[PDB]
């Protein structure tokens, strides 16, 4: 009969609540880099949440900040998938 008006949203956040999000001056932000690579590699095979889980892993394991300012040096990032989706999402 009815569905909630907040249903079928997905918010793919680059970083966890409360935290900075990181960007490379030359290559772009860690999240967007990782998201484009994973989509290019997996959008013909994997469900969207599973692609985003690979983005989480790529951002978490392959990136670490380098900064002349010791306060911003050697920091890490995990993205935050917020799904109010009700079905599975395949791009093919």
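Residue numbers count along the first chain shown, from 1.
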{"property": "Greater mean Cα temperature factor according to the PDB record, 28 to 36 or 41 to 49", "result": "41 to 49"}
{"property": "Where the record places residue 67 (Cα B-factor, split into thirds across the chain)", "result": "middle"}
{"property": "Ranked against its chain, the third holding the CA B-factor of residue 7", "result": "lowest"}
{"property": "Relative C-alpha B-factor of residue 18, binned into the chain's lowest, middle or highest third", "result": "highest"}
